[PDB]
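As a starting point, one isolated chain is supplied in structure tokens, in the form deposited without ligand TRH.
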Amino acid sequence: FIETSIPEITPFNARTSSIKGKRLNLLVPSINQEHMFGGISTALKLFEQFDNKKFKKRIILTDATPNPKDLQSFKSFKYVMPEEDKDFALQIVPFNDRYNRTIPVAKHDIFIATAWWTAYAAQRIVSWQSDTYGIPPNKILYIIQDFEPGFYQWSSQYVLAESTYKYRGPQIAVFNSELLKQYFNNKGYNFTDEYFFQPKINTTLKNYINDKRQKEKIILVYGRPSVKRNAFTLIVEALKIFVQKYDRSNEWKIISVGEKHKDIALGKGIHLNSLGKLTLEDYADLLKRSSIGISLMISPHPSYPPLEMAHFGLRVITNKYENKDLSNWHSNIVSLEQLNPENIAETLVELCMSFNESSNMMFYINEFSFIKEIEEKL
């Protein structure tokens, strides 16, 4: 088996429908609690802001089908097969097994894309829709949450994901973060309209932000082996240099949050201890007592953990990436221009020795106001 075809772009065939009103269609890979992380969770929150009184609503599942357990967090929605065509106000349709099957697409069906392959499909549905109903192309809403070609080496998927940004028909970009919008602007992408939303502190975490802290000798690592953008292996190699080169490294505890993984030997009997996904209560507790953080994001997006860590009194090691430099956002953030295990280890020694106030990101504490503005354009 050599790579022949591209699974992300399996045709997404439609048939016509009699359904009359405006209907917003959110294309998401999955709604499984299993996959209820970052992007999908944000898209759903955003989709929830659209006025139900003004738009019917359908969620189309592109990659995975839910459990009965999964559907419990969508009780108000009707679960409906694609062979069916029913005028429900709220519905969910599984469509990850698409071969020789179609989904009903109405004249005024409007599409909201998330993952690049969902936008890839939406842009082909819109053309089919235009030809079929004899109408000008409807606007697509594209919730852009990272430069998704960066999830791939230069390859077919890289250029197909980038192709979604070069689409010339009507398309509203909504960016996760201003920095990401600006990265897109600098590369010269054009959209009919552009919007962004900024990172906002978790509401549970904010309630702990003013608690008295009793700082301990803890280095807190954002550890996600499965998300390569988080540079897990680079952090681990940096920790090994730190442990060997710093003679006081035995005084320190090194802890991982994010993704549960096996504890890793770092030298001198010291381990990176994985806690994984904590409740927000427990995470807040760990942040209050932690003194140094490491959180890398190979992307123009700031990522959330460095922002959380900085507001809880941690000196936080993170990375510059092109237009992104978080060192200007908050006095607790240390940004590395040259990212190798040696510089990370050196910086960690200086920070450990520092253990022995200024914020320019007031937006982060105290959101989708532009949704009404978008409602009127769709």
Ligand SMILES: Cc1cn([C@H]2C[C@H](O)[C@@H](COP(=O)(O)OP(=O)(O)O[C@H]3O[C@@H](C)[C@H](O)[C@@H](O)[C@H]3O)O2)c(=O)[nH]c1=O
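Numbering starts at 1 and follows the sequence shown.
Just so you know, the form deposited with ligand TRH bound exists too; it's not on screen, but the next bit is about it.
- Interface residue among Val257, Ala173, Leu272, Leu179 relative to ligand TRH in the bound PDB entry, by the heavy atom within 4.5 Å criterion: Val257.
- Out of the listed residues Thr42, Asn52, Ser331, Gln33, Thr42 is the one that sits within 4.5 Å of ligand TRH in the bound PDB entry by at least one heavy atom.
- Just one listed stretch, out of 162 to 170, 301 to 309, 82 to 90, 114 to 122, contacts ligand TRH in the bound PDB entry at the 4.5 Å heavy atom level, and that stretch is 301 to 309.
- Among heavy atoms of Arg101, none comes within 4.5 Å of ligand TRH in the bound PDB entry.
- Ligand TRH is not drawn, but in the bound PDB entry it has no heavy atom within 4.5 Å of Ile135.
- In the bound PDB entry, ligand TRH sits within 4.5 Å of a heavy atom belonging to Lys277.
- Contact between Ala231 and ligand TRH in the bound PDB entry is not found at the 4.5 Å heavy atom cutoff.
- For the stretch 155 to 177, the set of residues having any non-hydrogen atom within 4.5 angstroms of ligand TRH in the bound PDB entry is empty.
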